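See below for the structure under consideration.
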Amino acid sequence: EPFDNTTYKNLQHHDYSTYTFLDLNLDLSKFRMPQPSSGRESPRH
Amino acid sequence: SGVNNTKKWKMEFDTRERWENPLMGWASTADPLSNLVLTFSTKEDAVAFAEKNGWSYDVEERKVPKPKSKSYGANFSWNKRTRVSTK
C-alpha cells in the first residue's frame with residue numbers, strides 16, 4: 001500500500017489473446033438495456 | 001445534363017424517303033425541306049409563321065422538368081427506406 005511510483009501496474013495486457021475483446025463484450029451483454037427500434041427489420045424492408 | 005437547347009421552339013417537317021446512291025452508297029433525297037429547321041421564341045410565333053405559309057402543323061406542348069424535393073439528410077434516415085447503403 002505505501003506509495004510506490006517505480007512499477008508499471010498495467011501488465012495484464014501481456015496475457016490478452018485473439019478473442020479477448022469479443023469475449024468481454026459477450027459477458028457485457030447481460031448488463032445492457034433494451035435497444036431502441038426503428039420500426040422495420042432493415043432499411044430494405 | 002445541359003438544358004440550353006430546350007429554351008426555344010423549333011419547326012420541322014415530315015421525314016421523307018432517303019435512298020442509297022447506286023455508285024457510292026451515299027444517302028440521296030428528293031425532299032427539298034429535309035434539313036429545314038426554323039427557330040421561334042414562342043409557340044404563337046411559330047403557329048403564325050406556319051399559317052401564313054399555308055403549312056399544316058401539329059403543336060406539341062413543352063415538357064418542363066417538375067420541381068422536386070432534394071434532401072441530403074434523408075440519405076441517413078432513422079426509420080425510412082431512403083437510407084442509402086453506400087456513398
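How things are named: the first chain in the C-alpha cells is A, the next is B, and so on; residues count from 1 in each chain; ligands count from 1 in the order shown.
The part of chain B that reaches within 12 Å of chain A is made up of residues 75, 76, 77, 78, 79, 80, 81, 82, 83, 84 and 85 of chain B, counting only C-alpha atoms.
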Where in chain B does DSSP assign strand (DSSP E or B), given as a CSV table (one decimal) with C-alpha atoms, in the first residue's frame?
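So the final result, stored in out37.csv, reads:
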```csv
chain,number,residue,atom,x,y,z
B,9,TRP,CA,-39.3,26.4,-80.1
B,10,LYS,CA,-38.5,24.7,-83.4
B,11,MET,CA,-40.4,23.9,-86.6
B,18,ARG,CA,-33.8,8.6,-98.5
B,19,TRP,CA,-32.2,6.0,-100.7
B,20,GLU,CA,-28.7,4.7,-101.5
B,27,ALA,CA,-27.8,8.9,-98.9
B,28,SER,CA,-29.8,10.5,-101.7
B,29,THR,CA,-33.1,12.5,-101.3
B,38,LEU,CA,-36.7,27.1,-88.0
B,39,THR,CA,-36.3,28.7,-84.6
B,40,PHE,CA,-39.0,30.6,-82.7
```
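Computed from the coordinates, the CA of residue 57 (chain B) to CA of residue 13 (chain B) distance equals 8.8 Å.
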Write out as an MDAnalysis selection string which residues come within 9 Å of residue 31 (chain B) when counting only C-alpha atoms, dropping same-chain ones fewer than 6 positions away.
chainID B and resid 15:18
Output for the residues just chosen: N, CA and C atoms as an mmCIF file, in the first residue's frame:
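Listed below is the output, out-v2.cif:
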```cif
data_model
loop_
_atom_site.group_PDB
_atom_site.id
_atom_site.type_symbol
_atom_site.label_atom_id
_atom_site.label_comp_id
_atom_site.auth_asym_id
_atom_site.auth_seq_id
_atom_site.Cartn_x
_atom_site.Cartn_y
_atom_site.Cartn_z
ATOM 1 N N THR B 15 -40.444 13.590 -92.273
ATOM 2 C CA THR B 15 -39.354 12.894 -92.934
ATOM 3 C C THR B 15 -39.864 12.161 -94.166
ATOM 4 N N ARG B 16 -39.058 12.169 -95.223
ATOM 5 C CA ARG B 16 -39.394 11.502 -96.467
ATOM 6 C C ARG B 16 -38.232 10.615 -96.893
ATOM 7 N N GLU B 17 -38.404 9.958 -98.034
ATOM 8 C CA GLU B 17 -37.523 8.865 -98.410
ATOM 9 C C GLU B 17 -36.097 9.343 -98.641
ATOM 10 N N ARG B 18 -35.154 8.576 -98.111
ATOM 11 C CA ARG B 18 -33.750 8.648 -98.474
ATOM 12 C C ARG B 18 -33.335 7.281 -98.990
#
```
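Here CA of residue 59 (chain B) is placed at a distance of 15.6 Å from CA of residue 6 (chain B).
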Expressed in Å, the length from CA of residue 8 (chain A) to CA of residue 28 (chain A) is 27.4 Å
